[PDB]
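A.B. asks: Supplied in structure tokens, the structure appears directly below.
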Amino acid sequence: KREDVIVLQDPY
Amino acid sequence: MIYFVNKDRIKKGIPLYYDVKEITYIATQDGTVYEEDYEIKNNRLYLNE
Amino acid sequence: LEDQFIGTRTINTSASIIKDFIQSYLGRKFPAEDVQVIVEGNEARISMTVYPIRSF
Amino acid sequence: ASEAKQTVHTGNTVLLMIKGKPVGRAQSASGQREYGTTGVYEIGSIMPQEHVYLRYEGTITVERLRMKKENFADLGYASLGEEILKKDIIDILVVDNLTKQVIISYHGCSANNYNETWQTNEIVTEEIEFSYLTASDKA
Amino acid sequence: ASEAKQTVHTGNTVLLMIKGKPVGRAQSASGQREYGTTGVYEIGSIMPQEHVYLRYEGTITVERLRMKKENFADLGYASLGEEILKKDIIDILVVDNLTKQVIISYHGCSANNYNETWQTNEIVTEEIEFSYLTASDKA
Amino acid sequence: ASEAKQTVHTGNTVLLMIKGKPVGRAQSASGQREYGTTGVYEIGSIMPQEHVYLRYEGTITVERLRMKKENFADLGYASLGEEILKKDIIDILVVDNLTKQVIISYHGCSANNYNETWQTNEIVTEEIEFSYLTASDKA
Amino acid sequence: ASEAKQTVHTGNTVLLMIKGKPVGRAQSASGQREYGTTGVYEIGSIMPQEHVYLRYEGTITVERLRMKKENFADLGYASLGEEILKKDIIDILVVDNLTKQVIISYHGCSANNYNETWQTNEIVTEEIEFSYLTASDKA
Amino acid sequence: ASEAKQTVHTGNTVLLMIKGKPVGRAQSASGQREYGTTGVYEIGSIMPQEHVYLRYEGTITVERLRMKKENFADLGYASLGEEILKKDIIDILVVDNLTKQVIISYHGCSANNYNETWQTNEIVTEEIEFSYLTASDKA
Amino acid sequence: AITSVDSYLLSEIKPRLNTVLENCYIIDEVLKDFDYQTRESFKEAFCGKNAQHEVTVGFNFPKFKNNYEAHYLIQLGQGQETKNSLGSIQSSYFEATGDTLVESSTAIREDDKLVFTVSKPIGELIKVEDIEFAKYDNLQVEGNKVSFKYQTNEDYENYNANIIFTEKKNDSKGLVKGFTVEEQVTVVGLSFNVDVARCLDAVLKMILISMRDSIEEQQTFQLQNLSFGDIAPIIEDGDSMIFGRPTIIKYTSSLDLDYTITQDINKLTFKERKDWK
Amino acid sequence: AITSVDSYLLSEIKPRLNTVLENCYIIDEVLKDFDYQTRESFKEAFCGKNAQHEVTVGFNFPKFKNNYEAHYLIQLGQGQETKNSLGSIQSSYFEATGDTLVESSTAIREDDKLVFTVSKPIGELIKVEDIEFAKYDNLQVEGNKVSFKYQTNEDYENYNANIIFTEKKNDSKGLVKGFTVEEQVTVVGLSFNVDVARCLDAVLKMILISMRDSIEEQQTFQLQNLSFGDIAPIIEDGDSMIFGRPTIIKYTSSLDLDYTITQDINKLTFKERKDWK
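Residue numbers (PDB author numbering), protein chains in the order written: chain A, 245 to 256; chain B, 147 to 195; chain C, 508 to 536, 545 to 571; chain D, 2 to 140; chain E, 2 to 140; chain F, 2 to 140; chain G, 2 to 140; chain H, 2 to 140; chain I, 2 to 278; chain J, 2 to 278.
Here is the structure:
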């Protein structure tokens, strides 16, 4: 499922 | 995305909803915004006052 | 004449309440038209008009 | 939008004040007033010829939730026993909440009766009724 | 479609006017009237022989929301204190809203009592009752 | 199917007529009647020995919506002022709507009181009460 | 969070005590009090000149569910018959439940009437009313 | 679980007995009682000085569904006519249903009034009221 | 007037919300009953001038994505007319009066009068703060100025006051015709963090209590009444749920129009005419 | 104040639940009406210091799995404002007063006074336990200390008391503005064993009865009213059903703010000015 609701940085 | 820009958001920077990798288009009522007049840092958008 | 209250005995008072209180004092004890109240900071100056005697 | 040309007072718009303290948790105030208007009649017609004022009377009744402190008994305005004989008359002011401006004054209030009701599913209620010497407004 | 052959007055159809000003926010008016009709009886039958009119009486009662301005007290029609002794009689007109045409006139009104109720979930209410000398309509 | 062997009168079945005109928009009529029946008692038993009729009394009360025309005041049956002294007695007939046949007659009606109520969410209401000399039915 | 600056008494906050025992299952207590305040009038004005206190009166009324034991009759505070003549006056205390601190004392209570209602879908109810000599609070 | 330390009487817990027969279908019993407590006043204080008992009074009122047999009229306890003059006083007992133990006795009952209501959607109701000489309980 | 409760609430809530959030000890007082960690986390995240997160307010049905971390959604509800006047006459006026206003002003000397200047023509003066004039003071109002006799008042030559007054539109007669309406608006604090939803609820209740004293809803929008819903997931099928607790704000207010009357009568005249039959 | 009934209930229930469960004869008294085997099994499993199972309490919508053997789920419900004061004045104060507190303390001699020391500044003293002072005793309060004359009281030089008092925030005037709200919270004891659900219901009712006497809901949260739902499967499609019986706890409480008043008046002054007309 796509991460729309809570959005976090890319790991790098 | 769309944001209303106000004195607080000028001083503090707009916290963007999305994790922007890059901008493809940016504009305002006065027209296109040139790259000397905006910056992204830490997923905050800073604008010329 | 003097009547005075001091010492935090009251809350939320106003110039209108002062003027009525004076008339309650006077009514139980001169015309309400003839007295003025100015409130400023912690002071309420109450000013009474009086009629000295002119000679004809 | 806020207009003055029409406005009515409401429970939230009006403070009740006694001796310069607001009365907390007052639930109602009822002011009643009577002049004894008596009609004049005479031989020669069934119609009233005139009306005359003969006896002014009025009362102010206040209902309040019984607080744990600053009751009418604790404030001293009410009386439970013989100490009613030692209470001077008091003036009750009804005051505009916004302007702090006196709407109506009841002068020379004197207690007629005092009630407390203790009940199991409710907040305790004080109620008090005063006779008063006169009422007035100033503007 | 609008028909005259049947029509009733309604709260929206009727203005209340005093001294040529309409009374805003009036909630009700109640007019009551009595003639003292007394039956005549005599030895010889249980039936009433006649009825006679002996004493006219009537009152007009008005309920109104207490406005912040132009109250009956501010208009001067009501009285709170001894100044009741200085109020002349006034005439109260009930008037057709469409035609501006007088429906009924109460003449020589004089105040019996005046009430105000201050309550916490409601708009404040004035109520006043007048005795009047006579009533009439003109057409 | 329509049966006579049982039938009751209803609000739709009955006309009210005064001076040969039907009264439009009449909402109720209430007829009440009393004979003054007094019991006779004597030394020697607690039981009533007899009953005697001593004083006949009765009233007819009518409620009506205040029409814009042909009110009781406009018809002249009611009176607002001193002109009550100039109204002759009138007879009020309650009449079967189907057969046009008189159910009951109230004879010699004379007005006791007259009311009008003006209210903001309602149709205006007339109410009137008459004393009457006698009642009768004919068949 | 618990604040003293505002607090009201409630049915759960208040104990009723008689002779140092709490009254179980008490449903209400109603205290009423009157001073006979009489207004003074004179020739020369319609206004009241003064008010005077002339006669103190008060009652305490208690409703209670009729327990199978320790009724007012079993406790002896009520009386069913002539033994009312042998009951001394008793003092009724209304006491803060938290602090065990007396809110109001009714002194010299004496029974006016006593009721029991037996009914088929309900718990049985006692009700009793006392006249008392005075009331007081101490702080 | 069944506890005695708290228990209340209820419509199911209590028998009503007259002359050693239970009264079937009794709907309510209401016992009322008054002592005439009069306060003593004197010149020198507004306070009551004392209370005195002056006149005992009490009544028992019973409502019952009118059975087809063993009515109060059929049982003879009620009276419809002059035979009221031949009914001796009776004692009414209210009795614990479990223990068969007398809760309260009303002694010397004497009928004040007797009613029957016949109505079209309901069971017929008897109601009777007695004055009684005294009441007592025994334990 | 005609009124729009939703736009009033938006206009009133936004500045008040900002001014509370920029003031740490206010939040520290409002949240005193919450768990310590909830309180400190909220105060760290959203509160003070350095706050990196922000709250937002707006109407429902926008076409863009909102700040679902913390957002007050305003949502216009039902209403009904409740009380009517006879003839629908809500009031009458001899001079068309505008909105009520409060303005700060200072006295100045002019020609041995004191005067206060106001930004707009004064239709009616309700109160000069902390002053009650005597007849000797010769209080007069003219245009957009209030004027006040100097002679005895020289000490007050620079006195600072607040004037409560109301505008005038024009010099005309009319009837204010209308009725009272009782109307509802719903507000919900959306957050994907439940503890944020609970704190936004507390802050909103504080704001509404503070709002009850404002002139706007003292003169109009009277009898504010509050109801509260359950806390529940508003949306349930994202990567996370979004929670909120609704509150319903109910107001009583007047809807009315200025029906101006052009008719004016300025002289009666009398004549006798003779009937010779 | 602003209040949070849910967090109050969580904070109050958790310690009380622990202290009952660590005390076997309390459970043995609470469950006296249940079947013998139900009682003994519950007491063996959950009760006493050696209990290998445990109960748990928390709010609804956690992101982790709970102890579905026995868990009290707390669930904030509806509410509505019920009673308002005139002017919304809930009270007024001359000195900003905090929460009510009860603290144990002991007397000590100091300079021929007895004193009790309290952890915080005393804004108001409500009761010194088991003492009523006479005027001769010269009762005085100062800062965070209560002081009491030694001369006649030497026997009490180490007397142990409980002080009921309330904090002060600061010396300021104001109005407590607010209203009363009636508010609901639901609590359900979840268990996959029906007899455990029934015992958790009994224990919760006992706890709430005990709670009615606490200062917290004597001063606030008054008029506790309880309603009970059916026992039903909360979840029905695991390897086993999970059962619970809801209870609704309703409270009446005050929502209010301290509106401080900066205005103070400390002298009237009078002047006569002469009108020569």
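Ideal placement from N, C-alpha and C gives every residue a C-beta, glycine not left out.
Quick one: does F/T60 have its CB under 9 Å from some CB of chain I?
C.D. replies: Taking Cβ atoms only, chain I never reaches closer than 9 Å to F/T60, which makes this a no.
A.B. asks: Given a limit of 9 Å on CB to CB distance, which residues of the region 101–128 of chain D reach chain C?
C.D. replies: Within the region 101–128 of chain D, the residues whose Cβ lies closer than 9 Å to some Cβ of chain C are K101, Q102, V103, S106, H108 and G109, listed in chain order.
A.B. asks: With 9 Å as the threshold, decide whether the Cβ of B/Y164 is near any Cβ in chain A.
C.D. replies: Chain A, which has a Cβ nearer than 9 Å to the Cβ of B/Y164, makes this yes.
A.B. asks: Step through the CB atoms of chain E and report whether any lies within less than 9 Å of the CB of I/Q185.
C.D. replies: No, because no Cβ of chain E sits closer than 9 Å to the Cβ of I/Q185.
A.B. asks: Step through the CB atoms of chain J and report whether any lies within less than 9 Å of the CB of I/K206.
C.D. replies: Output row for I/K206: interface = yes.
A.B. asks: Based on the DSSP secondary-structure assignment, which residues constitute the bridge partners of E/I105?
C.D. replies: Answer by DSSP bridge pairing, in chain order: E/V95.
A.B. asks: Using the beta-carbon of each residue, which ones in chain E are nearer than 8 Å to J/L87?
C.D. replies: Here the neighbours are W119 and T121.
A.B. asks: Within the same chain, show all residues whose beta-carbon is closer than 7 Å to that of D/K139, passing over the 5 residues directly before and after it, in chain order.
C.D. replies: Counting only Cβ-Cβ distances below 7 Å, and skipping sequence neighbours, we find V103.
A.B. asks: For B/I160, which residues does DSSP report across the bridge?
C.D. replies: DSSP lists B/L191 as partners of B/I160.
A.B. asks: G/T38 versus chain H: which residues are under 7 Å apart at the beta carbon?
C.D. replies: Under the 7 Å cutoff, chain H gives no residues; its nearest Cβ is about 11 Å from G/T38.
A.B. asks: Restricting to Cα atoms, I'd like to know which of F/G37, F/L134, F/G45 and F/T60 is closest to F/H52.
C.D. replies: For the residues F/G37, F/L134, F/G45 and F/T60, the minimum Cα distance to F/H52 belongs to F/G37.
A.B. asks: Mark F/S137 as exposed unless 16 or more other C-beta atoms lie within 10 angstroms of its C-beta, in which case mark it buried.
C.D. replies: Classification of F/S137: exposed, given that the 10 Å Cβ count is below 16.
A.B. asks: Please report how far the alpha carbon of J/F65 lies from the alpha carbon of J/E168, in whole angstroms.
C.D. replies: Their Cα atoms are separated by approximately 40 Å.
A.B. asks: If we cut at 9 Å on Cβ distances, does I/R199 have a partner in chain J?
C.D. replies: Cβ-Cβ to chain J under 9 Å: yes for I/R199.
A.B. asks: Note down the Cα distance separating F/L16 from G/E64, rounded to an integer number of angstroms.
C.D. replies: Answer to the nearest angstrom: the Cα atoms are 55 Å apart.
A.B. asks: Is H/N114 helix, strand or coil by DSSP?
C.D. replies: In the structure shown, H/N114 sits in a strand (DSSP, three-state: E or B).
A.B. asks: Whole angstroms is fine: what's the gap from J/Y157's alpha carbon to J/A108's?
C.D. replies: Taking the straight line from one Cα to the other gives about 8 Å.
A.B. asks: Here's the rule: buried if 16 or more other CB atoms are within 10 angstroms of the residue's CB, otherwise exposed. What is D/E130?
C.D. replies: So D/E130 ends up on the buried side.
A.B. asks: In chain order, what are the residue ranges of uninterrupted beta strand (DSSP E) at least 3 long that sit wholly in the region 127–182 of chain I?
C.D. replies: Whole beta strand (DSSP E) segments, 3+ residues: 141–143, 146–150 and 161–171.
A.B. asks: At a cut of 8 Å, does the region 97–105 of chain J reach the region 244–258 of chain I through at least three beta carbon pairs?
C.D. replies: With the cut-off at 8 Å, the region 97–105 of chain J and the region 244–258 of chain I do not touch.
A.B. asks: With 16 other CB atoms within 10 Å as the buried threshold, where does I/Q38 fall?
C.D. replies: I/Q38 should be labelled exposed.
A.B. asks: Any Cβ of chain I within less than 9 Å of the Cβ of D/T135?
C.D. replies: No, D/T135 does not count as interfacial toward chain I.
A.B. asks: Counting only runs that start and end within the region 203–257 of chain J, where is the alpha helix (DSSP H) found for 4 or more residues in a row?
C.D. replies: If we require 4 residues or more, the alpha helix (DSSP H) runs fully inside the region 203–257 of chain J come out as 216–220.
A.B. asks: Among D/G45, D/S3, D/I47 and D/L81, whose alpha-carbon lies nearest the alpha-carbon of D/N116?
C.D. replies: Residue D/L81 is the option with its Cα nearest to D/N116.
A.B. asks: For J/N154, which option in J/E184, J/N163, J/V116 and J/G124 has the closest C-alpha, if you only look at C-alpha atoms?
C.D. replies: Answer by Cα proximity: J/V116.
A.B. asks: Excluding the 5 residues preceding and the 5 following J/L140 in the sequence, name in chain order all residues of the same chain whose CB lies nearer than 7 Å to its CB.
C.D. replies: If we look at J/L140 and ignore the five residues flanking it on each side, its Cβ neighbours are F134 and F149.
A.B. asks: Output the distance between the C-alpha atoms of C/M563 and G/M48, rounded to the nearest integer angstrom.
C.D. replies: About 29 Å.
A.B. asks: Alpha carbon to alpha carbon, what distance is there between I/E273 and D/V95?
C.D. replies: Rounded to whole angstroms, D/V95 to I/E273 spans 55 Å at the Cα level.
A.B. asks: Does I/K44 get closer than 9 Å to chain B when you measure Cβ to Cβ?
C.D. replies: By this cut-off, I/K44 is not an interface position.
A.B. asks: Listed from N- to C-terminal order along the chain, which residues in the region 66–99 of chain I have their beta-carbon within a distance smaller than 7 Å of any beta-carbon of chain D?
C.D. replies: Hits within the stretch, in order: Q91, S92, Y94 and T98.
A.B. asks: Could you tell me whether any Cβ in chain J is nearer than 9 Å to the Cβ of I/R110?
C.D. replies: Cβ-Cβ to chain J under 9 Å: no for I/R110.
A.B. asks: Leaving out five residues on either side along the sequence, give the residues of the same chain with a beta carbon under 6 Å from the beta carbon of residue 288 of chain J.
C.D. replies: Because chain J in this structure spans residues 2 to 278, residue 288 of chain J falls outside the shown range and cannot be described.
A.B. asks: Just to make sure I have the definition right: I need the residues of chain J whose C-beta is within less than 9 Å of the C-beta of D/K22. Which are they?
C.D. replies: Near D/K22 (Cβ distances below 9 Å), the residues of chain J are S93.
A.B. asks: Give a yes or no on whether the minimum CB-CB distance between I/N267 and chain J is below 9 Å.
C.D. replies: Judged by the 9 Å Cβ criterion, I/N267 is not in contact with chain J.
A.B. asks: If you follow the alpha helix (DSSP H) that J/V6 is part of, which residue opens it and which one closes it?
C.D. replies: Segment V6 to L22, the alpha helix (DSSP H) holding J/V6.
A.B. asks: Under three-state DSSP, which class holds B/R155?
C.D. replies: Helix at B/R155.
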